[PDB]
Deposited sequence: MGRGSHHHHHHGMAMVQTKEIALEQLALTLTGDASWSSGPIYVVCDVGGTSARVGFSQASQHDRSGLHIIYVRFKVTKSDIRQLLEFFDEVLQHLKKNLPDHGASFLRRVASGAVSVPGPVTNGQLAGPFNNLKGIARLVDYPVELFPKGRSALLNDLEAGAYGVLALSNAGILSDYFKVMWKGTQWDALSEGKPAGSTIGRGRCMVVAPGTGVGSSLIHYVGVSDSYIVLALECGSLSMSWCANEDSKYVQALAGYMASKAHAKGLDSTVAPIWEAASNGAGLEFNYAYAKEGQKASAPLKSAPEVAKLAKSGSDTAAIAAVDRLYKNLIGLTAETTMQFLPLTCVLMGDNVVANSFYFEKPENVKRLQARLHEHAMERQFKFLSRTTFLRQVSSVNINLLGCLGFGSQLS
């Protein structure tokens, strides 16, 4: 499985010297930024068909609310290794196969992470310690790009089924699976990744036959306009649009798919199902609605959740058609937390029903080719993705 230990910076060399696994094999430098917290550390695999992935990280605090503070952190790690390893961390650093930083903001060509709304400064990959971020073997990653690499990492480790469950198997799985069971691997094909939460993240693991390797593309599929529709479905999109305007934003402008599939949307859904076409005020927060839905009481909370995932799947009907993926993965803390919804066969059936409303499934059965998976176990997917990135390097 995935073993993750957070350690004090002072305990780093102690931890590295304490477990001989660290003494051999490639080392993948991992780092993720989120909130006031920059976790910086190291990852490696171990050769099995149950690979076992290990991560060790130090949690640093962004005390200046400034992304350039990563430089201080990398130097503290580096100076600690030279000061607390017998060979100045020579034998360790020579095995660094890659370095990656997952950041919660826009990223340019994996080389520059642009303005953040709540942090100062620009992340520039070139400014980073070459010993932690080897030339030509390093990148800044979008949060969802890193997450997708994490999925791949889990897959290559043979451990996908411990963290993900099959929602439904696509018609094209067996033909492409090389004899492997659905959910055992993402397999040799595209994997479309969507992650609902505050916003709705997306990314694509693209499989490359020529080199038998994968590359992840960061995406903004949550920001695709909702699809046209009529009647009751259209009344909802209309209400969502007007709500989102309440920026030359009209109620005549389509709202983005994210708005119907995130926390904000869940809160809107609750109002909409109770009265809604009335007080735009949601009152109940997304946590509450979901808890109320899990309980089974509040009929409106249940409908609001149902509409939430019906529309999340509606977004996936679009992504499934555009990318024709072997697999589509629904992930993130919210998907794990709302496992109760997907544990009901009737619900899964109705979700697959929704996917199948797309014109291209109706006419040509394109979308049903895709195997859908759901995250069930929490994990530091973004840290793992820093390994996933490194593992795909030519």
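**Q** Should a student be asked to find the unmodelled regions, what ranges of the deposited sequence would be the right answer here?
**A** Gaps vs deposited seq, in order: 1 to 14, 261 to 264.
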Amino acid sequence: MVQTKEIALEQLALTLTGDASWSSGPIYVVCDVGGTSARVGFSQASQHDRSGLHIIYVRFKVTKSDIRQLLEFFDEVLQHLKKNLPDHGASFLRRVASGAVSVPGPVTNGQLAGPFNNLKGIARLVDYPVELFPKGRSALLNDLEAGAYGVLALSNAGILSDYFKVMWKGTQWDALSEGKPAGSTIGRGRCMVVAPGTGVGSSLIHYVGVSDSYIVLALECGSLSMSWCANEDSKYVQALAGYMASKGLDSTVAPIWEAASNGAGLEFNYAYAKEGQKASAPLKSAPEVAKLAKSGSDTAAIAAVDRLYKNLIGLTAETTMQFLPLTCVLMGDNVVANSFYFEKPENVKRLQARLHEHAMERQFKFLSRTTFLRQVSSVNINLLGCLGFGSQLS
From here on, numbers count along this sequence of modelled residues.
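**Q** Could you check the entry and say whether 40 to 48 or 23 to 31 has the higher mean CA B-factor?
**A** For C-alpha atoms only, the mean B-factor is higher in 40 to 48.
**Q** If you take the mean CA temperature factor per stretch, which one wins between 55 to 63 and 364 to 372?
**A** According to the entry, 55 to 63 carries the higher average C-alpha B-factor.
**Q** Looking at 290, 160, 146, 259, which has the biggest Cα B factor in the entry?
**A** Result of the comparison over 290, 160, 146, 259: 290.
**Q** Going by the deposited entry, which of 184, 91, 203, 316 has the highest CA temperature factor?
**A** If I rank 184, 91, 203, 316 by C-alpha B-factor, first place goes to 91.
**Q** Among the modelled residues of its chain, does the C-alpha B-factor of residue 15 lie in the lowest, middle or highest third?
**A** Within its chain, residue 15 is a middle-third residue by C-alpha B-factor, going by the deposited values.
**Q** What third of the chain does residue 347 rank in for C-alpha temperature factor, lowest, middle or highest?
**A** It falls in the top third of the chain.
**Q** Which third, lowest, middle or highest, does the CA B-factor of residue 190 fall in along this chain?
**A** Lowest third of the chain for residue 190's C-alpha B-factor.
**Q** Compared with the other modelled residues in the chain, in which third is the CA B-factor of residue 220?
**A** Answer is lowest: the recorded C-alpha B-factor places it there.
**Q** Quick check for you: using the entry's CA B-factors within this chain, is residue 118 in the lowest, middle or highest third?
**A** Answer is highest: the recorded C-alpha B-factor places it there.
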